[PDB]
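Take a look at this one chain, the form deposited in one PDB entry, written out in C-alpha cells.
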C-alpha cells in the first residue's frame, strides 16, 4: 500500500510509493525493529556472497531495466540489445562490464539511495572517475592522488568517486585498507593512554608493522595502504601539498587556537563497497564535504575519539562538578562554532547542521514529487547535537533498501592471507 509520512512541525504529509520497489531486507521484522543497529547483516557485503552466472543475470537485468527507464527509452532497440549483450557476457565469462554511462548512473543512484546521508540534495552533482583499468597499487595511488586534487580544488570542494576494478573470484580484490583517504594516526602510549585519534590505533599499528615511520604526534596524516588484485598491500605517502588542513580557532575565545586543534578539509570514505547490477566494486573511495558536527561533535567530543570537552570547559572556567550545570553542552556549542568559523575563514567548504537538515527536507520534498519517495534513516539523519531544533527531528522517515547501493564490508586484514 501507499505509506504516509508526516512532519509534525509543518503538518506536511507525503505519500511513499517508492518503497514498493525494494527487494533487499532491512533486518526488522513485524515483531522486532532493528532501526538503531549499526550493522545488521543486511547492510554489509562479505566476500563470501559474490554471485554466480545463476544469480547474476536477474540482478543485471533489473539494473539495465531501471537505467533505460530512467532515460525514457524502456523497451527500445538499444534496451533490448543491451540485455542480450549482457546475457551473452554473463554466459561466457561469468560476469559483465558496465558501460560508462551505466557506471555513472549507478554511482549517482547509489548515493541517491543512501538512506543515512543528509547530503543527498547534491546527489546528481558527482564527478565519477573510471579506474577499472587499474592493475597495481602504484596505479591505485595515482588515481587516488588525482581524486584528492580534483575534489579538494583549493578549498572549493567537489564531490567525486573513483571506481576501481570489480570483484571477480574474491581472491583478487582491490581494496583501500584505510577507512578514509585522509585520517590521523593513533598510538597506544606506555602509560596506557592514546596519542592522536583512538579510532585508528589498529590501522596505525598495521602501517608501522609494514614499515611506516610514525612521527608520533597528535595529527599525523596516515599513509595510504593499497591492495590491488588481491596482492599484499603497499604503503604510499599522499603528497602534502594535496592535503588541505584547517587550524581551528574561535571568533571570540583567543585562547582556543592554543589548544592546537586542526582537521583535514576532505572527508573521503574508502572502505565501503559499491554494488551496481550485481557487480561488487570493493574499492570505490568517494568524497564530499563536511557537516560541521562530524568534526565538532563526534571526532572531537566522543569519549572514544579526541575527547576534548574537559579541556575546553576548563579554559572556559565552567563549573564542572555537576552534570546539571550542562558544562558539557556549553563547551560542545563553542567547539562547533570554532569549527565552522575556521573552515569558513579559510574558504574551505563546510555546511552547518541547520543548513544541511533544511536542505535535506527540501530534497525529501523533491524526491517524493518526482520519484515517489526517499529512503531515509532518522537515526543517522538527525544531527548529534541540537536535534529537535533542526527540522529533520520532526520529520517522519521511511527506511528501505534500494539498489544500486553502498554497503559495509569486512576489514581486509581479517580476511587477507599475506605473502
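Numbering follows the first chain given and starts at 1. The term rigid core refers to the maximal set of C-alpha atoms that superpose within 1.5 Å between the two forms.
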query	finding
Unresolved residue 46 in a third or more of other entries flanked by modelled residues	yes
Mean temperature factor over C-alpha atoms, higher-scoring stretch between 165 to 173 and 299 to 307	165 to 173
Residue range whose averaged C-alpha B-factor is higher in the record, 309 to 317 or 327 to 335	309 to 317
Of the residues 89, 275, 197, 234, the one carrying the largest Cα B-factor as recorded	89
Member of 42, 36, 386, 29 with the greatest C-alpha B factor (per the PDB record)	42
Ranked against its chain, the third holding the CA B-factor of residue 23	highest
Cα B factor band for residue 377 (lowest, middle or highest third within the chain)	lowest
Entry-reported Cα temperature factor of residue 352, expressed as the chain third it lands in	lowest
Chain third (lowest, middle, highest) by recorded CA B-factor, residue given as residue 294	lowest
Residue 14, C-alpha B-factor rank within chain (lowest, middle or highest third)	middle
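Another form, the form deposited in another entry, is not on view; read the next lines as being about it.
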item: Core-fitted Cα difference of 2 Å or more between this form and the one not shown, single residue among 61, 363, 43, 394; value: 43
item: Exceeds or equals 2 Å, Cα of residue 70 between this form and the one not shown, core fit; value: no
item: Sense of CA distance change between residue 45 and residue 226 in that other deposited form, threshold 3 Å; value: farther
item: Note on residue 46-residue 98 C-alpha separation in that other deposited form, which departs from the shown form by 3 angstroms or more; value: closer
